[PDB]
Amino acid sequence: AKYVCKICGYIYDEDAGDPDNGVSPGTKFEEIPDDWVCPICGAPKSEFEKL
Ligand SMILES: [Fe+3]
């Protein structure tokens, strides 16, 4: 699945993950640590919406 950051437009793709910030490819959005934030704008997970 893909989620968009409502603040800046960054797309979190579960297939790509966010390796530079400790999230390997395949990690579901729900499993990402609660302290992880948008790598572009710093928005918390609450500001993402599932596409
Ligand atoms: Fe963002």
# chains A, B, ... in the order shown; residues from 1 in each chain; ligands from 1
call {"tool": "closest_atom_pairs", "arguments": {"of": "chain A", "to": "ligand 1", "cutoff": "10 Å", "atoms": "only C-alpha atoms and all ligand atoms", "output": "Markdown table"}}
result
| residue | atom | partner | partner_atom_place_in_ligand_line | distance |
| --- | --- | --- | --- | --- |
| A:4 | CA | ligand 1 | 1 (Fe) | 8.0 |
| A:5 | CA | ligand 1 | 1 (Fe) | 4.7 |
| A:6 | CA | ligand 1 | 1 (Fe) | 6.7 |
| A:7 | CA | ligand 1 | 1 (Fe) | 5.1 |
| A:8 | CA | ligand 1 | 1 (Fe) | 4.2 |
| A:9 | CA | ligand 1 | 1 (Fe) | 6.1 |
| A:10 | CA | ligand 1 | 1 (Fe) | 5.4 |
| A:11 | CA | ligand 1 | 1 (Fe) | 8.4 |
| A:12 | CA | ligand 1 | 1 (Fe) | 9.6 |
| A:37 | CA | ligand 1 | 1 (Fe) | 7.9 |
| A:38 | CA | ligand 1 | 1 (Fe) | 4.7 |
| A:39 | CA | ligand 1 | 1 (Fe) | 6.7 |
| A:40 | CA | ligand 1 | 1 (Fe) | 5.1 |
| A:41 | CA | ligand 1 | 1 (Fe) | 4.1 |
| A:42 | CA | ligand 1 | 1 (Fe) | 6.0 |
| A:43 | CA | ligand 1 | 1 (Fe) | 5.3 |
| A:44 | CA | ligand 1 | 1 (Fe) | 8.3 |
| A:45 | CA | ligand 1 | 1 (Fe) | 9.4 |
| A:47 | CA | ligand 1 | 1 (Fe) | 8.0 |
| A:48 | CA | ligand 1 | 1 (Fe) | 8.2 |
call {"tool": "write_last_selection", "arguments": {"atoms": "C-alpha atoms", "output": "mmCIF file, in the first residue's frame"}}
result
data_model
loop_
_atom_site.group_PDB
_atom_site.id
_atom_site.type_symbol
_atom_site.label_atom_id
_atom_site.label_comp_id
_atom_site.auth_asym_id
_atom_site.auth_seq_id
_atom_site.Cartn_x
_atom_site.Cartn_y
_atom_site.Cartn_z
ATOM 1 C CA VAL A 4 0.638 10.238 1.280
ATOM 2 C CA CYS A 5 1.896 12.850 3.699
ATOM 3 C CA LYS A 6 -0.894 15.455 3.686
ATOM 4 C CA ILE A 7 1.570 18.220 4.476
ATOM 5 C CA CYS A 8 4.213 17.881 1.750
ATOM 6 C CA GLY A 9 3.101 15.274 -0.790
ATOM 7 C CA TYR A 10 5.728 12.614 0.005
ATOM 8 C CA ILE A 11 4.500 9.084 -0.736
ATOM 9 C CA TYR A 12 5.395 6.276 1.668
ATOM 10 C CA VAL A 37 8.215 10.992 10.845
ATOM 11 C CA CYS A 38 7.935 12.099 7.225
ATOM 12 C CA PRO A 39 11.514 12.187 5.909
ATOM 13 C CA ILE A 40 10.808 15.368 3.943
ATOM 14 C CA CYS A 41 8.810 17.614 6.306
ATOM 15 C CA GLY A 42 8.921 15.999 9.748
ATOM 16 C CA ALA A 43 5.152 15.411 9.984
ATOM 17 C CA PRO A 44 4.087 12.676 12.402
ATOM 18 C CA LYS A 45 2.382 9.478 11.186
ATOM 19 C CA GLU A 47 -0.694 13.262 8.967
ATOM 20 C CA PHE A 48 -0.557 10.437 6.402
#
call {"tool": "residues_around", "arguments": {"residues": "residue 2 (chain A)", "least_positions_apart": "4", "cutoff": "12 Å", "atoms": "only C-alpha atoms", "output": "list in words"}}
result
residues 9, 10, 11, 12, 13, 14, 15, 16, 17, 26, 27, 28, 29, 30, 48, 49, 50 and 51 of chain A
call {"tool": "write_last_selection", "arguments": {"atoms": "N, CA and C atoms", "output": "PDB file, in the first residue's frame"}}
result
ATOM      1  N   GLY A   9       3.295  16.042   0.434  1.00  0.00           N
ATOM      2  CA  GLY A   9       3.101  15.274  -0.790  1.00  0.00           C
ATOM      3  C   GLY A   9       3.987  14.045  -0.950  1.00  0.00           C
ATOM      4  N   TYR A  10       4.855  13.787   0.024  1.00  0.00           N
ATOM      5  CA  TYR A  10       5.728  12.614   0.005  1.00  0.00           C
ATOM      6  C   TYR A  10       4.860  11.360   0.064  1.00  0.00           C
ATOM      7  N   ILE A  11       5.234  10.338  -0.707  1.00  0.00           N
ATOM      8  CA  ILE A  11       4.500   9.084  -0.736  1.00  0.00           C
ATOM      9  C   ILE A  11       5.286   7.950  -0.069  1.00  0.00           C
ATOM     10  N   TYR A  12       4.757   7.414   1.024  1.00  0.00           N
ATOM     11  CA  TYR A  12       5.395   6.276   1.668  1.00  0.00           C
ATOM     12  C   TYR A  12       4.892   5.018   0.955  1.00  0.00           C
ATOM     13  N   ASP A  13       5.800   4.285   0.321  1.00  0.00           N
ATOM     14  CA  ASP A  13       5.450   3.064  -0.377  1.00  0.00           C
ATOM     15  C   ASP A  13       5.981   1.913   0.473  1.00  0.00           C
ATOM     16  N   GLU A  14       5.083   1.045   0.925  1.00  0.00           N
ATOM     17  CA  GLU A  14       5.468  -0.099   1.744  1.00  0.00           C
ATOM     18  C   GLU A  14       6.493  -0.993   1.044  1.00  0.00           C
ATOM     19  N   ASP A  15       6.460  -1.043  -0.284  1.00  0.00           N
ATOM     20  CA  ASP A  15       7.419  -1.861  -1.035  1.00  0.00           C
ATOM     21  C   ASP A  15       8.828  -1.250  -1.053  1.00  0.00           C
ATOM     22  N   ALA A  16       8.926   0.058  -0.836  1.00  0.00           N
ATOM     23  CA  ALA A  16      10.210   0.741  -0.856  1.00  0.00           C
ATOM     24  C   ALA A  16      10.768   0.984   0.535  1.00  0.00           C
ATOM     25  N   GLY A  17       9.876   1.147   1.505  1.00  0.00           N
ATOM     26  CA  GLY A  17      10.303   1.425   2.864  1.00  0.00           C
ATOM     27  C   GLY A  17      10.977   2.783   2.930  1.00  0.00           C
ATOM     28  N   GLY A  26       9.170  -3.389   2.507  1.00  0.00           N
ATOM     29  CA  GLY A  26       8.172  -4.374   2.876  1.00  0.00           C
ATOM     30  C   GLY A  26       7.500  -4.076   4.198  1.00  0.00           C
ATOM     31  N   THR A  27       8.029  -3.106   4.940  1.00  0.00           N
ATOM     32  CA  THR A  27       7.453  -2.754   6.229  1.00  0.00           C
ATOM     33  C   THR A  27       6.120  -2.027   6.072  1.00  0.00           C
ATOM     34  N   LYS A  28       5.070  -2.610   6.648  1.00  0.00           N
ATOM     35  CA  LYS A  28       3.742  -2.021   6.599  1.00  0.00           C
ATOM     36  C   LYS A  28       3.712  -0.751   7.442  1.00  0.00           C
ATOM     37  N   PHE A  29       2.900   0.208   7.019  1.00  0.00           N
ATOM     38  CA  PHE A  29       2.803   1.493   7.698  1.00  0.00           C
ATOM     39  C   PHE A  29       2.511   1.355   9.194  1.00  0.00           C
ATOM     40  N   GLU A  30       1.639   0.415   9.547  1.00  0.00           N
ATOM     41  CA  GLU A  30       1.257   0.178  10.941  1.00  0.00           C
ATOM     42  C   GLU A  30       2.430  -0.306  11.798  1.00  0.00           C
ATOM     43  N   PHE A  48      -0.611  11.234   7.627  1.00  0.00           N
ATOM     44  CA  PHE A  48      -0.557  10.437   6.402  1.00  0.00           C
ATOM     45  C   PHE A  48      -1.957   9.886   6.168  1.00  0.00           C
ATOM     46  N   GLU A  49      -2.262   9.630   4.905  1.00  0.00           N
ATOM     47  CA  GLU A  49      -3.550   9.113   4.488  1.00  0.00           C
ATOM     48  C   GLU A  49      -3.291   8.002   3.478  1.00  0.00           C
ATOM     49  N   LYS A  50      -3.977   6.876   3.645  1.00  0.00           N
ATOM     50  CA  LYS A  50      -3.808   5.744   2.747  1.00  0.00           C
ATOM     51  C   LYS A  50      -4.435   6.016   1.386  1.00  0.00           C
ATOM     52  N   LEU A  51      -3.693   5.702   0.329  1.00  0.00           N
ATOM     53  CA  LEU A  51      -4.168   5.870  -1.036  1.00  0.00           C
ATOM     54  C   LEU A  51      -4.781   4.542  -1.481  1.00  0.00           C
TER      55      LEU A  51
END
call {"tool": "residues_around", "arguments": {"residues": "residue 22 (chain A)", "least_positions_apart": "6", "cutoff": "10 Å", "atoms": "only C-alpha atoms", "output": "JSON, numbers by chain"}}
result
{"A": [32, 33, 36]}
call {"tool": "write_last_selection", "arguments": {"atoms": "C-alpha atoms", "output": "compact mmCIF listing (two decimals), in the first residue's frame"}}
result
# COMPACT_ATOMS: atom_id res chain seq x y z
CA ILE A 32 6.69 1.60 11.44
CA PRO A 33 7.80 2.89 14.88
CA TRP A 36 9.08 7.80 12.72
call {"tool": "select_by_dssp", "arguments": {"residues": "chain A", "states": "strand (DSSP E)", "output": "compact mmCIF listing (two decimals) with N, CA, C and O atoms, in the first residue's frame"}}
result
# COMPACT_ATOMS: atom_id res chain seq x y z
N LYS A 2 0.25 2.37 -0.35
CA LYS A 2 0.93 3.65 -0.41
C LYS A 2 0.15 4.66 0.43
O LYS A 2 -1.07 4.60 0.49
N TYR A 3 0.88 5.53 1.12
CA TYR A 3 0.31 6.55 1.99
C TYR A 3 0.93 7.87 1.61
O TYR A 3 2.13 7.94 1.33
N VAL A 4 0.13 8.93 1.62
CA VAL A 4 0.64 10.24 1.28
C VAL A 4 0.69 11.12 2.52
O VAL A 4 -0.15 11.00 3.41
N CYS A 5 1.75 11.91 2.61
CA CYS A 5 1.90 12.85 3.70
C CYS A 5 1.05 14.04 3.26
O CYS A 5 1.35 14.67 2.24
N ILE A 11 5.23 10.34 -0.71
CA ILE A 11 4.50 9.08 -0.74
C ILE A 11 5.29 7.95 -0.07
O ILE A 11 6.37 7.59 -0.53
N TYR A 12 4.76 7.41 1.02
CA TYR A 12 5.40 6.28 1.67
C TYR A 12 4.89 5.02 0.96
O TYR A 12 3.70 4.74 0.96
N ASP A 13 5.80 4.29 0.32
CA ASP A 13 5.45 3.06 -0.38
C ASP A 13 5.98 1.91 0.47
O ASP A 13 7.18 1.84 0.74
N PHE A 48 -0.61 11.23 7.63
CA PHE A 48 -0.56 10.44 6.40
C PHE A 48 -1.96 9.89 6.17
O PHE A 48 -2.73 9.70 7.10
N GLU A 49 -2.26 9.63 4.91
CA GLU A 49 -3.55 9.11 4.49
C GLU A 49 -3.29 8.00 3.48
O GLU A 49 -2.45 8.14 2.60
N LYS A 50 -3.98 6.88 3.65
CA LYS A 50 -3.81 5.74 2.75
C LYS A 50 -4.44 6.02 1.39
O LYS A 50 -5.56 6.50 1.30
